[PDB]
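K.L.:
To start, I am sharing the structure in question, which I have written as structure tokens.
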Amino acid sequence: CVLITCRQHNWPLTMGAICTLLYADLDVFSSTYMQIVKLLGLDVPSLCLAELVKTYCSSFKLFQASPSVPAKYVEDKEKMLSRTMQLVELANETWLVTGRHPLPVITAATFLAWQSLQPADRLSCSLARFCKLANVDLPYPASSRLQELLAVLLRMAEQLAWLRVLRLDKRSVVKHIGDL
Amino acid sequence: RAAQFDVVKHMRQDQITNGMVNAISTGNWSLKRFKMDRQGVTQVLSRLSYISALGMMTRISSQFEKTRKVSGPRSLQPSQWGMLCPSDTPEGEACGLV
Amino acid sequence: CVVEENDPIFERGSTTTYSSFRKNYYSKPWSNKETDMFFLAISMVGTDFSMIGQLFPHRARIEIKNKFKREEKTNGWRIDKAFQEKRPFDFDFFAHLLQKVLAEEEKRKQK
DNA sequence: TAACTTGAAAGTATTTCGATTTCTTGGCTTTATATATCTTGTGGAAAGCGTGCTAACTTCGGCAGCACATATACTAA
DNA sequence: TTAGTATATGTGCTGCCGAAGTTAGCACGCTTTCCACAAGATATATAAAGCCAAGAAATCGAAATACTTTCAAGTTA
RNA sequence: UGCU
Ligand SMILES: Nc1nc2c(ncn2[C@@H]2O[C@H](COP(=O)(O)OP(=O)(O)OP(=O)(O)O)[C@@H](O)[C@H]2O)c(=O)[nH]1
């Protein structure tokens, strides 16, 4: 009921956090959700991608320089959010979020944006390292989503003229993600 | 249930917010732990003019709050030398208390 | 009182958390000789999973049922041949083969 | 007054090695239909402390109690 | 029988603190059980893809040696 | 809360 009320107003709220704060398991949660929606028949608006993207980007602490995170990892909020929105729109238009969990794709997109905003100092940083630094539970398929998005970006590079001559890869296309 | 209970699931985040909001808006403060029931603590800032706002910001209300026309606290005592303005006082029923 | 018996955990970010949906099952795969002796046990007993689970101590009855369903869905001719062939129930030699399988998995772990 | 054969002195390069990533496996989730049965998941209706201040006038305005006085009935001479 | 004395007789006095009631003129504004009815928990395809954790292979990172350069001091001249 |  809380989830339906949250959806009816186009408000993003993750069923994972709902279950975490509800003292329940995802299996029975989904089972009873399907049962109650089939019994009632209420309108279930789809979870908008941009709202969830903003909600999850507000979680990361790379906006204000805290004691743990040095200043090099701190990046701009507006530009990084816009980059993540463009990346997740690309993912939604390239058939990457359909059928798969959206939050792993959001994580991969924000990670790629954080790496592209400064590829030099972040060429060695890994997904697990970024998750540890940001204090966020690393999603399992986030790695696969990242690998697929990087393949799509390599295809876009091959389509482009100068990049296909440069012959970049899944590690060197991060600096030109912006141009893509 | 065997599911271990924790406070995070009932930590009310709106209790203090609503309490402060009401105490500042309504102006009535009811502290039961101290048995203090005060009214008129907060007042709307008069934006009639900059002078009006600057003078209302530095007002002082009394504990009496127009209980009796005692005239004692309403009179100007010599103890107000250099501390409070002798001449500045609202003209009306609140003469001497504000 | 807890005399430094446990350690604090820096988990549960107040921001948000996601779901898992996969908690416990985490089965373990079979092998060639194990599949052979499993088909032998099928030919020897039938489809009753209770006896199969009782005679298999190290593999779970749910895993046995999953394997049988997978065989029924993929290799039907093998199940047909297994039901065609029959063997009288052996107990002592079956325990000897169980000990042999234990030794084989021990050697595997050593490798 | 140069020229070539010295020496330990750099980068600098490549080759393997620790390690983390990527790639494979199952197996469960879910979709409908009904087929059928044990104890234990609930619905729902009952019912067996603790303060402070007076906000001050007026003029009650009664009764509490009390309590003082005494008129009378009992008792000693 | 009569004067002196004790009692209650209602009466009338005092304070007793409290009782009702007052204060002038506009515009703004929880527990036990008990209980009964229906809902876990159960086999079973079943196509389908996404997910979440062991293993096996791969390549990145870089560290300990192998080449070349470079001086600098010393040789045949 | 201001006004007389
Ligand atoms: N503008 C305005 N503000 C008021 C008025 N009455 C009350 N206020 C606000 O309330 C406080 C004092 O009002 P009070 O006289 O205590 O309110 P009140 O005692 O209920 O007055 P009544 O309603 O006549 O009993 C002031 O200090 C103001 O904060 C009013 O009549 N007009």
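Going through the structure tokens in order, the chains are called A, B, and so on, while each chain numbers its residues from 1 and the ligands are numbered from 1 in the order shown.
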Could you list, as a list in words, the residues of chain A having an atom within 6 Å of chain C when counting only C-alpha atoms?
P.N.:
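Result, ordered by chain then number: residues 16, 17, 26 and 59 of chain A.
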K.L.:
Can I get the selection written as a short mmCIF file (atom, residue, chain, number, x, y, z; two decimals), in the first residue's frame, with N, CA and C atoms?
P.N.:
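selection_15.cif, freshly written:
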```
data_model
loop_
_atom_site.label_atom_id
_atom_site.label_comp_id
_atom_site.auth_asym_id
_atom_site.auth_seq_id
_atom_site.Cartn_x
_atom_site.Cartn_y
_atom_site.Cartn_z
N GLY A 16 13.46 -2.51 -2.64
CA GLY A 16 14.48 -3.05 -1.75
C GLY A 16 14.50 -2.35 -0.41
N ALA A 17 14.53 -1.02 -0.41
CA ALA A 17 14.46 -0.28 0.85
C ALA A 17 13.12 -0.50 1.54
N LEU A 26 12.04 -10.59 -0.01
CA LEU A 26 11.62 -10.18 -1.35
C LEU A 26 10.69 -11.21 -1.99
N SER A 59 22.26 10.04 -3.07
CA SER A 59 22.81 9.22 -1.99
C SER A 59 24.33 9.32 -1.93
#
```
K.L.:
Neighbours of ligand 1 at 6 Å or closer, counting only C-alpha atoms (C1' of nucleotides) and all ligand atoms: which residues, as a PyMOL selection string?
P.N.:
(chain B and resi 40+43) or (chain E and resi 28-29) or (chain F and resi 1)
K.L.:
Output N, CA, C and O atoms (P, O5', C5', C4', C3', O3' and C1' of nucleotides) of each residue in that selection to a file, as a PDB file, in the first residue's frame.
P.N.:
```pdb
ATOM      1  N   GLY B  40       1.681  33.368  23.620  1.00  0.00           N
ATOM      2  CA  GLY B  40       2.195  34.592  23.036  1.00  0.00           C
ATOM      3  C   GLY B  40       3.703  34.678  23.012  1.00  0.00           C
ATOM      4  O   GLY B  40       4.255  35.784  23.026  1.00  0.00           O
ATOM      5  N   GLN B  43       5.495  35.978  17.880  1.00  0.00           N
ATOM      6  CA  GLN B  43       4.607  36.950  17.261  1.00  0.00           C
ATOM      7  C   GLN B  43       5.044  37.201  15.825  1.00  0.00           C
ATOM      8  O   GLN B  43       6.219  37.050  15.482  1.00  0.00           O
TER       9      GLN B  43
ATOM     10  P    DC E  28     -11.327  45.636   8.850  1.00  0.00           P
ATOM     11  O5'  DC E  28      -9.956  44.949   9.119  1.00  0.00           O
ATOM     12  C5'  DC E  28      -9.953  43.617   9.430  1.00  0.00           C
ATOM     13  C4'  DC E  28      -8.549  43.421   9.891  1.00  0.00           C
ATOM     14  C3'  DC E  28      -8.133  41.999  10.094  1.00  0.00           C
ATOM     15  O3'  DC E  28      -7.160  41.699   9.141  1.00  0.00           O
ATOM     16  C1'  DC E  28      -7.976  43.082  12.089  1.00  0.00           C
ATOM     17  P    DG E  29      -7.403  40.522   8.300  1.00  0.00           P
ATOM     18  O5'  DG E  29      -7.033  39.343   9.302  1.00  0.00           O
ATOM     19  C5'  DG E  29      -5.823  39.291  10.083  1.00  0.00           C
ATOM     20  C4'  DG E  29      -6.059  38.474  11.334  1.00  0.00           C
ATOM     21  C3'  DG E  29      -6.520  37.040  11.128  1.00  0.00           C
ATOM     22  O3'  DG E  29      -5.421  36.134  11.273  1.00  0.00           O
ATOM     23  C1'  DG E  29      -7.752  38.193  12.874  1.00  0.00           C
TER      24       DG E  29
ATOM     25  P     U F   1      -0.062  41.220  21.422  1.00  0.00           P
ATOM     26  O5'   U F   1      -0.398  41.933  20.062  1.00  0.00           O
ATOM     27  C5'   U F   1       0.327  41.593  18.875  1.00  0.00           C
ATOM     28  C4'   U F   1      -0.151  42.360  17.677  1.00  0.00           C
ATOM     29  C3'   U F   1      -0.413  43.799  17.891  1.00  0.00           C
ATOM     30  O3'   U F   1       0.885  44.216  18.210  1.00  0.00           O
ATOM     31  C1'   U F   1      -2.149  42.937  16.658  1.00  0.00           C
TER      32        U F   1
END
```
K.L.:
For residue 86 in chain A, list every protein, DNA or RNA residue within 12 Å, evaluated using only C-alpha atoms (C1' of nucleotides), and leave out those in the same chain fewer than 3 positions away; present the list as a list in words.
P.N.:
residues 49, 50, 53, 54, 79, 80, 81, 82, 83, 89, 90, 91, 92, 93, 106, 109, 110, 112, 113, 177, 178, 179 and 180 of chain A
K.L.:
Using only C-alpha atoms (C1' of nucleotides), which of B:48, B:36, B:7, B:41 sits nearest chain D?
P.N.:
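Of the candidates, the smallest distance to chain D is held by B:36.
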K.L.:
Give me, as a count of residues only, the contact residues of chain B against chain A at a cut-off of 9 Å, counting only C-alpha atoms.
P.N.:
4
K.L.:
Using only C-alpha atoms (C1' of nucleotides), which residues of chain C come within 12 Å of chain E, and what is the closest atom pair for each, with the distance in Å to one decimal? Give it as a Markdown table, sorted by chain and residue number.
P.N.:
```
| residue | atom | partner | partner_atom | distance |
| --- | --- | --- | --- | --- |
| C:19 | CA | E:51 | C1' | 10.5 |
| C:20 | CA | E:52 | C1' | 7.7 |
| C:21 | CA | E:51 | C1' | 7.8 |
| C:22 | CA | E:52 | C1' | 6.1 |
| C:23 | CA | E:52 | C1' | 8.1 |
| C:24 | CA | E:53 | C1' | 9.6 |
| C:25 | CA | E:53 | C1' | 9.6 |
| C:26 | CA | E:53 | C1' | 6.6 |
| C:27 | CA | E:53 | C1' | 9.5 |
| C:28 | CA | E:54 | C1' | 8.4 |
| C:29 | CA | E:54 | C1' | 9.8 |
| C:48 | CA | E:43 | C1' | 11.6 |
| C:49 | CA | E:43 | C1' | 11.3 |
| C:65 | CA | E:43 | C1' | 10.9 |
| C:66 | CA | E:44 | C1' | 11.9 |
| C:69 | CA | E:45 | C1' | 9.7 |
| C:70 | CA | E:45 | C1' | 11.4 |
| C:72 | CA | E:45 | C1' | 10.6 |
| C:73 | CA | E:45 | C1' | 9.1 |
```
K.L.:
Could you give me, as a short mmCIF file (atom, residue, chain, number, x, y, z; two decimals) with N, CA and C atoms, in the first residue's frame, the residues within 10 Å of residue 74 in chain A, counting only C-alpha atoms (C1' of nucleotides) and dropping anything in the same chain fewer than 4 positions from it?
P.N.:
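As written to disk, result-v5.cif reads:
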```cif
data_model
loop_
_atom_site.label_atom_id
_atom_site.label_comp_id
_atom_site.auth_asym_id
_atom_site.auth_seq_id
_atom_site.Cartn_x
_atom_site.Cartn_y
_atom_site.Cartn_z
N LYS A 61 28.10 10.46 -1.73
CA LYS A 61 28.69 11.54 -0.96
C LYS A 61 29.88 12.18 -1.68
N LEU A 62 29.90 12.12 -3.01
CA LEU A 62 30.95 12.75 -3.80
C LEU A 62 30.65 14.21 -4.12
N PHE A 63 29.73 14.83 -3.39
CA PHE A 63 29.38 16.24 -3.58
C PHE A 63 30.13 17.15 -2.62
N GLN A 64 30.15 16.81 -1.34
CA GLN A 64 30.85 17.58 -0.32
C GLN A 64 32.11 16.83 0.12
N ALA A 65 33.20 17.58 0.28
CA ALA A 65 34.48 16.98 0.66
C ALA A 65 34.42 16.55 2.12
N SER A 66 34.33 15.24 2.36
CA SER A 66 34.33 14.70 3.71
C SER A 66 35.73 14.24 4.09
N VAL A 69 36.76 10.68 2.03
CA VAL A 69 36.91 10.87 0.59
C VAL A 69 37.78 12.09 0.33
N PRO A 70 38.93 11.94 -0.35
CA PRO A 70 39.73 13.13 -0.69
C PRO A 70 39.01 14.05 -1.66
N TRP A 114 31.21 9.42 -13.30
CA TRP A 114 32.24 9.82 -12.35
C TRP A 114 33.64 9.54 -12.89
#
```
